[PDB]
Structures are given as structure tokens and as C-alpha cells.
């Protein structure tokens, strides 16, 4: 449902743990490589917690594997993203997504 391909390594030691908030930057693209969203465009890190349905499942399972400082490409099947529906005006139906995600820090 999610493949993780590292772009730049993290420290390999500091992973998200229960009660912590992940602070990330991301860019989301479709399979054709075209961007549909990026926190870097608005220069606003995205904060979320694991275990609360705060993100699509591909992020839930992918970012949980990342360590602080890591930049990774997450390739997410529709089951782990927006499935047959998509997201109105942004993501088409049945869309495999590619996110470039950087774990900036844990809070």
C-alpha cells in the first residue's frame, strides 16, 4: 500500500513514538509527476499525530518508518489514499500518489 524510497537519510535512530507530533514538509504529485499540493509553496510545515486517522493510511504507515532528518518518496496505492473517489478538484479517481516527505522534527 505504501513504498518508501529514501532521498536523503535520517539519523536512523529517532522515529515517531506514541504521543509525539510529526512536523514535516511535503510535495504531493500524481503518477505523471505533476504536483497537486506542497507545504513548501505556502512555507508552512504540516503537523500531525499517528494513530488518530489524521492522515491517509499510506502516510500513517510510511512516515512511521522515517527518522528525523529523512527525506523520502512515498508511493501510495489508492487503497492507502483516496481510492476510487479521489479528492474533489485535486486528486482524480483511482490515483496512485507520490509524496516527497521530509521529517523536520518531532514535538
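Numbering follows the first chain given and starts at 1. What we label the rigid core is the largest C-alpha set whose atoms superpose within 1.5 Å from one form to the other.
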Next on the checklist: Using the rigid core for superposition, please say which stretch has the greater CA deviation in 4 other deposited structures of this protein, 67 to 75 or 43 to 51.
Outcome noted: 43 to 51
Checklist outcome for this item: Core superposition done, the stretch whose Cα atoms deviate more in 4 other deposited structures of this protein, picking from 94 to 102 and 18 to 26, is 18 to 26
Next on the checklist: Going by the mean C-alpha B-factor recorded in the entry, which is higher: 59 to 67 or 27 to 35?
Outcome noted: 27 to 35
Checklist entry - Should the higher mean CA B-factor in the entry be assigned to 95 to 103 or to 82 to 90? => result 82 to 90
Checklist entry - Going by what the PDB entry lists, where does residue 7 fall on CA B-factor within its chain: lowest, middle or highest third? => result middle
Checklist entry - Looking at the C-alpha B-factor of residue 74, is it in the lowest, middle or highest third of its chain? => result lowest
